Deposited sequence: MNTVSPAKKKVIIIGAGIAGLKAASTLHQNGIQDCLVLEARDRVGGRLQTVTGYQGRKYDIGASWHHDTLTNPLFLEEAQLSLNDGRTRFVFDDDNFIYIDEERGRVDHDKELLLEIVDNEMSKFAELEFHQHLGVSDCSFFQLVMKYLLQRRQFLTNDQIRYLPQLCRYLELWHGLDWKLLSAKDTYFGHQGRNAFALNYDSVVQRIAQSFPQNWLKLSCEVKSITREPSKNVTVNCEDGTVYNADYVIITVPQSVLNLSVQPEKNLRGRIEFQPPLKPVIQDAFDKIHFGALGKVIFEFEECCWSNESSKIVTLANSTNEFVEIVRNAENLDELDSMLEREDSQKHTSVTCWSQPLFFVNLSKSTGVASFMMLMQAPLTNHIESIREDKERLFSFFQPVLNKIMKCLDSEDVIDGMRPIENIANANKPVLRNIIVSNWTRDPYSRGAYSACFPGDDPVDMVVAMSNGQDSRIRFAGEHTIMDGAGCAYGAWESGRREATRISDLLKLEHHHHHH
């Protein structure tokens, strides 16, 4: 009855479909569990109608990102804005000391660079001589190079370098050291509407192709040579080809028994071992988001990128100065609670200087993300939690403490005072259709495995797509977009040839 049945209406599946029509293939079905398209790409509205990409926001690797280039052409053709380069010089803030960026004495950015070169060398040509956690690596650097670091450097550098937790979505004691430093292939470009990207691709194919709210319960390719998909309601389908674009964490449920978990798909026969094994090489991180909407900017627009550093101590310097080796340092680093906004690094994007809107887009990581999303409905508790860092930022930006107007009450006094009006929070960790953010490595992992296995497919008519199925752009929106075009073209060439 059907040529190709794409499961999932995320950018991956959507591009796939988009491509199939663009190639004259017809009778295709797009089955999506949610009541919307866009997958991990969702734009939401808040105060006064403002819009934000609570999911993906940036176009990365702009020098080689195909999707970006495409958006570039369009914009070059009709003078319509679609993005803005928001990269800037980072302002780093330590609760007690204030700004620590571009400091004439600390030179944190400079030693941070040495630190990364230190990493590269540690894992170069050695098969990766036993990989450890990002935290472990950082401790080695300090120990080995202590003779060439001041006290403050040993103290503040380790906290500053942790901004990388916001790229992976994992705490430095849970992140693989070997996969921490990536290749920054160019400047980043803030997408003024990833939804526009989603709608354009979405419209590009026959609308009667989309089937929202069709959670797929099980896939089975009868040796008869065709695939049989069954949604959760009962409606059955049969197709020549099928492209599973569900996220990795969800597909990881297929290997567990007692499959009843929302989203889980039952394959038959099961997934070949090369696939099941891939999951032991870990994966899935938890980057989260929190939006702070204000009445109107009343703070310095010096930079669009701000990072708050976790607290640090002087006893730490001393401990590093006295340790006689890694072992001693380890055990010595044993001090005996409760998490606060200064327990981990936090990344704020000042949307004022980059888009004009008086709002801060913040990024958080595991384990904090999971916790903050659990209390997303409790605005009060959310305010109390972030207030202390929200005030520190305003101070270092020539302003004053933040006023809680989430339960508005007009008052002139709030002339040039910052007034919070709304707070928005992601929920990717508690949404059974995503269960996290995107692929990520724990120490001892190897991403190549999944990429290969996925890209090989279960067999001939069963293929996979999405950010966890490709190398270039791994974990990214453009990575997924290309994995979708990958399966469509391959099948497109086959159909065109069969007759």
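The deposited chain is incompletely modelled, with C-alpha atoms absent over 1 to 7, 344 to 348, 512 to 516.
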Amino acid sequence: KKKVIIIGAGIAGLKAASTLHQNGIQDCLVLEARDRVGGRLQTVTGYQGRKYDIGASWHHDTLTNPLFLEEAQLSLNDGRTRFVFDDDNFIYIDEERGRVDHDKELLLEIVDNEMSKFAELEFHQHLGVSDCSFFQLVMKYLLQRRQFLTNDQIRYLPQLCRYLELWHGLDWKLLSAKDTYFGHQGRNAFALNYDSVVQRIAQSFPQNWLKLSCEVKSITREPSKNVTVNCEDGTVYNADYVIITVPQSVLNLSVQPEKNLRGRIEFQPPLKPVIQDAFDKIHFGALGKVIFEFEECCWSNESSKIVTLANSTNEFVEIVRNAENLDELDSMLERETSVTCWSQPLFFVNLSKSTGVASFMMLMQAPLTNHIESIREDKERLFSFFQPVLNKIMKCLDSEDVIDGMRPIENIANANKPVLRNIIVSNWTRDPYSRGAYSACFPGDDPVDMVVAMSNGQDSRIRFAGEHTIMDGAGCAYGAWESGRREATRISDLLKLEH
From here on, numbers count along this sequence of modelled residues.
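Between two forms, the rigid core is defined as the largest C-alpha subset superposing within 1.5 Å.
Taking 313 to 321 and 363 to 371 in turn, the stretch whose Cα atoms are more displaced from the shown form in 9 other deposited structures of this protein following rigid core superposition is 313 to 321. Each structure in 9 other deposited structures of this protein is fitted to the shown form on the rigid core, and of 276 to 284 and 303 to 311 the C-alphas lie farther away on average for 276 to 284. Looking at the other PDB entries for this protein, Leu142 is present in the model in all of those that include the residues around it, rather than absent from a third.
Notably, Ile412 is an intermittent gap: at least a third of the other compared entries of this protein, restricted to those modelling both its neighbours, have no coordinates for it. Checked against the record, the higher mean CA B factor of 224 to 232 and 291 to 299 lies with 224 to 232.
Stretches 60 to 68 and 452 to 460 differ in mean CA B factor, with 452 to 460 having the higher one. Of the residues listed, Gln365, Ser249, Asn113, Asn238, the entry assigns the biggest Cα temperature factor to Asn238. Ranking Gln136, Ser384, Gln144, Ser331 by the C-alpha B-factor listed in the PDB entry places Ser331 at the top.
For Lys104, the recorded CA temperature factor ranks within the middle third of the chain's modelled residues. Among the modelled residues of its chain, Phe316 has a C-alpha B-factor that falls in the middle third according to the deposited record. Sort the chain's modelled residues by C-alpha temperature factor and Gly169 lands in the lowest third, per the entry. Ranked by Cα temperature factor within the chain, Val357 sits in the middle third according to the deposited record.
Per the PDB record, residue ranking by Cα B-factor puts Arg376 in the lowest third of the chain.
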